[PDB]
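Student: I'd like to ask you about the structure that follows.
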Amino acid sequence: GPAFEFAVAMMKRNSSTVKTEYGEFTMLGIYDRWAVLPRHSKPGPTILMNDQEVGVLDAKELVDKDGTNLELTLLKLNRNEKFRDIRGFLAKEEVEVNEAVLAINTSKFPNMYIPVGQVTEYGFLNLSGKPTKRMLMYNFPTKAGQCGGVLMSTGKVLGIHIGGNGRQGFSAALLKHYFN
Ligand SMILES: N#C[C@H](O)[C@H](C[C@@H]1CCCNC1=O)NC(=O)[C@H](Cc1ccccc1)NC(=O)/C=C/c1ccccc1
């Protein structure tokens with residue numbers, strides 16, 4: 001419903017299409033010149049943000065208090081424009097909704113929205129060796145390259161799509177304290 005209406009504006013305002021040595025991803029700007037990517041996108045010194053070279057001043061691969069992986073990488077971008085501060089839409093702890101929307105903006109999947117249904121606090125996952133935490137699960141046969149689409153609901157940004165097993169698809173929960 002207004003889930004979609006909410007999501008198009010988010011992607012219009014704060015999203016971009018990023019390419020790295022590891023493939024094409026969806027990127028979400030959080031505030032200032034900070035954005036998030038799936039950790040496994042492994043951005044180096046620069047990245048292709050909507051086909052232009054934007055430099056990456058700093059990058060923190062995010063982890064637990066236990067050091068456990070969280071599959072989130074924070075990017076300070078070297079560009080003038082500030083993003084819109086969407087931290088007000090981020091939860092303090094993982095969120096479960098019955099109706100949720102996954103949104104991708106890559107060249108393979110340009111500007112597409114998916115009524116993905118029910119998100120549940122899946123918690124732990126061993127993702128190709130890498131044990132990662134605070135996962136959100138949904139029953140949709142996602143694929144490459146839909147990382148790292150954005151998981152939303154009415155006025156919530158829930159997480160960032162980082163993996164899938166061909167039947168379910170998983171998102172790294174996107175919490176407030178990840179950003180001061
Ligand atoms: N685009 C894009 C992403 O690279 C892609 C989306 C996947 C692909 C598969 C099919 N379903 C999806 O959505 N994610 C990926 O490719 C991630 C990358 C990753 C590597 C290491 C740690 C965490 C994440 N990997 C996976 O999703 C596969 C993990 C897995 C496989 C078998 C059994 C249990 C877990």
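Following the order of the structure tokens, chains are lettered A, B, ..., residues in each are numbered from 1, and ligands are numbered from 1.
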With only C-alpha atoms and all ligand atoms counted and 8 Å as the cut-off, give the residues of chain A in contact with ligand 1, each with its shortest interatomic distance in Å and the pair that gives it, as a Markdown table.
Tutor:
```
| residue | atom | partner | partner_atom_place_in_ligand_line | distance |
| --- | --- | --- | --- | --- |
| A:22 | CA | ligand 1 | 4 (O) | 7.9 |
| A:23 | CA | ligand 1 | 4 (O) | 7.5 |
| A:24 | CA | ligand 1 | 1 (N) | 7.1 |
| A:25 | CA | ligand 1 | 1 (N) | 6.4 |
| A:38 | CA | ligand 1 | 24 (C) | 7.6 |
| A:39 | CA | ligand 1 | 23 (C) | 7.3 |
| A:40 | CA | ligand 1 | 19 (C) | 5.4 |
| A:41 | CA | ligand 1 | 4 (O) | 7.2 |
| A:71 | CA | ligand 1 | 23 (C) | 6.0 |
| A:125 | CA | ligand 1 | 35 (C) | 7.2 |
| A:126 | CA | ligand 1 | 35 (C) | 5.8 |
| A:127 | CA | ligand 1 | 35 (C) | 3.9 |
| A:128 | CA | ligand 1 | 29 (C) | 4.6 |
| A:129 | CA | ligand 1 | 21 (C) | 6.9 |
| A:130 | CA | ligand 1 | 22 (C) | 4.9 |
| A:131 | CA | ligand 1 | 22 (C) | 7.3 |
| A:132 | CA | ligand 1 | 23 (C) | 7.1 |
| A:141 | CA | ligand 1 | 11 (N) | 6.7 |
| A:142 | CA | ligand 1 | 13 (O) | 4.4 |
| A:143 | CA | ligand 1 | 11 (N) | 3.9 |
| A:144 | CA | ligand 1 | 1 (N) | 3.3 |
| A:145 | CA | ligand 1 | 1 (N) | 2.9 |
| A:146 | CA | ligand 1 | 1 (N) | 4.2 |
| A:147 | CA | ligand 1 | 1 (N) | 3.9 |
| A:148 | CA | ligand 1 | 1 (N) | 6.6 |
| A:161 | CA | ligand 1 | 13 (O) | 7.1 |
| A:162 | CA | ligand 1 | 14 (N) | 5.1 |
| A:163 | CA | ligand 1 | 27 (O) | 3.1 |
| A:164 | CA | ligand 1 | 11 (N) | 3.1 |
| A:165 | CA | ligand 1 | 11 (N) | 4.8 |
| A:166 | CA | ligand 1 | 10 (C) | 4.7 |
| A:167 | CA | ligand 1 | 11 (N) | 7.5 |
| A:168 | CA | ligand 1 | 11 (N) | 7.4 |
| A:169 | CA | ligand 1 | 13 (O) | 5.3 |
| A:170 | CA | ligand 1 | 13 (O) | 7.0 |
```
Student: So that I have them on file, write out the residues from the current selection with N, CA, C and O atoms, as a compact mmCIF listing (two decimals), in the first residue's frame.
Tutor:
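See part.txt below for the written result:
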```txt
# COMPACT_ATOMS: atom_id res chain seq x y z
N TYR A 22 33.29 -6.66 -7.08
CA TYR A 22 32.52 -7.82 -6.68
C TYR A 22 31.12 -7.83 -7.26
O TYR A 22 30.36 -8.77 -7.05
N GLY A 23 30.80 -6.79 -8.03
CA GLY A 23 29.55 -6.78 -8.76
C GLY A 23 28.72 -5.54 -8.53
O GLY A 23 29.17 -4.59 -7.90
N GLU A 24 27.49 -5.55 -9.05
CA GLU A 24 26.61 -4.39 -8.97
C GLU A 24 25.67 -4.50 -7.78
O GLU A 24 25.03 -5.52 -7.57
N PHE A 25 25.61 -3.42 -6.99
CA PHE A 25 24.80 -3.39 -5.77
C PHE A 25 23.92 -2.17 -5.67
O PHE A 25 24.14 -1.17 -6.34
N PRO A 38 26.21 -3.86 1.37
CA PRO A 38 26.52 -5.19 1.90
C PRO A 38 28.03 -5.31 2.07
O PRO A 38 28.75 -4.89 1.17
N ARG A 39 28.49 -5.84 3.20
CA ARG A 39 29.91 -5.99 3.45
C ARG A 39 30.61 -6.67 2.28
O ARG A 39 31.72 -6.27 1.90
N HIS A 40 29.95 -7.67 1.70
CA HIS A 40 30.55 -8.51 0.67
C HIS A 40 30.72 -7.82 -0.68
O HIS A 40 31.08 -8.46 -1.65
N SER A 41 30.43 -6.52 -0.72
CA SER A 41 30.64 -5.73 -1.93
C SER A 41 32.07 -5.27 -1.99
O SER A 41 32.53 -4.84 -3.04
N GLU A 71 27.62 -7.96 8.32
CA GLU A 71 27.48 -7.88 6.86
C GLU A 71 27.19 -6.46 6.37
O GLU A 71 26.75 -6.26 5.24
N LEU A 125 22.75 -16.64 11.14
CA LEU A 125 22.95 -17.28 9.85
C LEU A 125 24.45 -17.48 9.55
O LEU A 125 25.27 -16.58 9.77
N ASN A 126 24.79 -18.67 9.07
CA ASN A 126 26.11 -18.93 8.53
C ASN A 126 26.06 -18.69 7.03
O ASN A 126 25.57 -19.53 6.28
N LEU A 127 26.55 -17.54 6.59
CA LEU A 127 26.52 -17.20 5.17
C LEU A 127 27.82 -17.50 4.48
O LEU A 127 28.76 -16.70 4.53
N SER A 128 27.88 -18.64 3.79
CA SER A 128 29.09 -19.08 3.11
C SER A 128 30.32 -18.95 4.01
O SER A 128 31.27 -18.23 3.69
N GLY A 129 30.27 -19.63 5.15
CA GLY A 129 31.37 -19.61 6.10
C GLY A 129 31.25 -18.48 7.10
O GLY A 129 31.38 -18.70 8.30
N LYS A 130 31.02 -17.27 6.59
CA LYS A 130 30.87 -16.09 7.43
C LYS A 130 29.61 -16.15 8.29
O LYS A 130 28.49 -16.04 7.78
N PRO A 131 29.78 -16.35 9.61
CA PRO A 131 28.65 -16.34 10.55
C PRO A 131 28.24 -14.91 10.87
O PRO A 131 29.03 -14.16 11.46
N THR A 132 27.03 -14.53 10.49
CA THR A 132 26.60 -13.15 10.66
C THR A 132 25.35 -13.05 11.54
O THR A 132 24.62 -14.03 11.66
N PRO A 141 12.28 -15.79 -3.39
CA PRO A 141 13.42 -16.37 -4.11
C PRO A 141 14.30 -15.32 -4.77
O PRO A 141 14.38 -15.29 -6.00
N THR A 142 14.87 -14.39 -3.96
CA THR A 142 15.75 -13.32 -4.44
C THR A 142 16.88 -13.84 -5.32
O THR A 142 17.08 -15.05 -5.45
N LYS A 143 17.89 -13.13 -5.71
CA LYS A 143 19.04 -13.52 -6.49
C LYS A 143 20.12 -12.45 -6.48
O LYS A 143 20.00 -11.41 -5.82
N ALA A 144 21.21 -12.74 -7.17
CA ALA A 144 22.12 -11.70 -7.58
C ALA A 144 21.50 -11.06 -8.81
O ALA A 144 20.83 -11.74 -9.60
N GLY A 145 21.69 -9.75 -8.98
CA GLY A 145 22.35 -8.92 -8.00
C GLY A 145 21.34 -7.97 -7.41
O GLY A 145 21.13 -6.86 -7.92
N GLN A 146 20.69 -8.42 -6.34
CA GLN A 146 19.69 -7.63 -5.65
C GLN A 146 20.19 -7.18 -4.30
O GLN A 146 19.50 -6.47 -3.55
N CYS A 147 21.39 -7.62 -3.96
CA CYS A 147 22.10 -6.98 -2.88
C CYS A 147 22.53 -5.63 -3.42
O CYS A 147 22.87 -5.52 -4.60
N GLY A 148 22.44 -4.60 -2.60
CA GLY A 148 21.83 -4.72 -1.30
C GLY A 148 20.59 -3.86 -1.31
O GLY A 148 20.62 -2.71 -0.87
N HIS A 161 19.53 -5.90 2.04
CA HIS A 161 19.53 -7.27 1.54
C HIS A 161 20.92 -7.77 1.22
O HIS A 161 21.58 -7.24 0.33
N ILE A 162 21.36 -8.82 1.91
CA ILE A 162 22.74 -9.25 1.80
C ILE A 162 22.94 -10.69 1.34
O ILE A 162 24.04 -11.05 0.92
N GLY A 163 21.89 -11.49 1.38
CA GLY A 163 22.05 -12.88 1.00
C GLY A 163 20.73 -13.55 0.71
O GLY A 163 19.67 -12.95 0.87
N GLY A 164 20.80 -14.79 0.25
CA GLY A 164 19.61 -15.56 -0.07
C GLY A 164 20.02 -16.98 -0.36
O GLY A 164 21.16 -17.23 -0.77
N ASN A 165 19.11 -17.93 -0.15
CA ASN A 165 19.47 -19.31 -0.39
C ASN A 165 18.62 -19.92 -1.50
O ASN A 165 18.51 -21.13 -1.61
N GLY A 166 18.05 -19.06 -2.33
CA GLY A 166 17.33 -19.52 -3.51
C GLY A 166 15.85 -19.68 -3.24
O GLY A 166 15.07 -19.87 -4.16
N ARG A 167 15.47 -19.61 -1.96
CA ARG A 167 14.08 -19.77 -1.57
C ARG A 167 13.67 -18.66 -0.58
O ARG A 167 12.60 -18.07 -0.70
N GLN A 168 14.54 -18.40 0.39
CA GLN A 168 14.38 -17.26 1.31
C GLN A 168 15.44 -16.22 0.98
O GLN A 168 16.40 -16.52 0.28
N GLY A 169 15.26 -15.00 1.47
CA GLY A 169 16.23 -13.94 1.27
C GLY A 169 16.46 -13.13 2.54
O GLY A 169 15.50 -12.80 3.23
N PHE A 170 17.71 -12.80 2.84
CA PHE A 170 18.06 -12.24 4.15
C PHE A 170 18.63 -10.83 4.10
O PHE A 170 19.38 -10.49 3.19
```
Student: With DSSP run on the backbone, what are the strand (DSSP E) residues within region 4-179 of chain A? I'd like them as a PyMOL selection string.
Tutor: chain A and resi 15-20+23-31+34-38+46-49+52-63+69-77+100-104+112-117+120-127+130-138+150-153+156-164+169-173
Student: Pick out the residues sitting within 9 Å of residue 21 (chain A), and hand them over as a list in words; count only C-alpha atoms, and ignore anything fewer than 4 positions along from it in its own chain.
Tutor: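 Near residue 21 (chain A), the qualifying residues are residues 41, 42, 43, 44 and 47 of chain A.
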Student: For the selection just defined, write its residues with N, CA, C and O atoms to a file, as a compact mmCIF listing (two decimals), in the first residue's frame.
Tutor:
```
# COMPACT_ATOMS: atom_id res chain seq x y z
N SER A 41 30.43 -6.52 -0.72
CA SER A 41 30.64 -5.73 -1.93
C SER A 41 32.07 -5.27 -1.99
O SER A 41 32.53 -4.84 -3.04
N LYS A 42 32.74 -5.34 -0.84
CA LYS A 42 34.16 -5.02 -0.70
C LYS A 42 34.63 -3.83 -1.53
O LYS A 42 35.51 -3.97 -2.39
N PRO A 43 34.04 -2.66 -1.28
CA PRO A 43 34.50 -1.46 -1.99
C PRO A 43 35.91 -1.10 -1.60
O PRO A 43 36.25 -1.18 -0.43
N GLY A 44 36.72 -0.74 -2.59
CA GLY A 44 38.09 -0.36 -2.36
C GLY A 44 38.18 1.15 -2.26
O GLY A 44 37.21 1.79 -1.85
N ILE A 47 34.69 3.66 -6.07
CA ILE A 47 33.55 2.86 -6.51
C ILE A 47 32.83 3.58 -7.66
O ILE A 47 32.97 4.79 -7.83
```
Student: Go ahead and compute the interatomic distance for CA of residue 122 (chain A) and CA of residue 134 (chain A), in Å to one decimal.
Tutor: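 Computed distance, CA of residue 122 (chain A) to CA of residue 134 (chain A), equals 7.4 Å.
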Student: Tell me which protein, DNA and RNA residues are within 6 Å of region 106-120 of chain A, counting only C-alpha atoms, leaving out same-chain ones fewer than 5 positions away, and put them as an MDAnalysis selection string.
Tutor: chainID A and resid 17 26 96:101 136:138
Student: Given only C-alpha atoms as the basis, pick out the residue of A:103, A:35, A:56, A:30 nearest to residue 11 (chain A).
Tutor: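 Distance minimum relative to residue 11 (chain A) lands on A:103.
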Student: CA of residue 155 (chain A) and CA of residue 62 (chain A), how far apart in Å?
Tutor: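 Going from CA of residue 62 (chain A) over to CA of residue 155 (chain A), I get 24.3 Å.
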Student: Could you give me, as a PyMOL selection string, the residues within 10 Å of region 76-87 of chain A, counting only C-alpha atoms and dropping anything in the same chain fewer than 3 positions from it?
Tutor: chain A and resi 10+13-15+28-36+46-47+49+53-60+90-91+156-157+174-180
Student: Using only C-alpha atoms, pick whichever of A:8, A:159, A:75, A:2 has the shortest atom-to-atom distance to residue 95 (chain A).
Tutor: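 Selected residue with least distance to residue 95 (chain A): A:159.
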Student: Quick one: of A:133, A:19, A:104, A:139, who's nearest to residue 68 (chain A), counting only C-alpha atoms?
Tutor: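 Closest to residue 68 (chain A) of all the choices is A:133.
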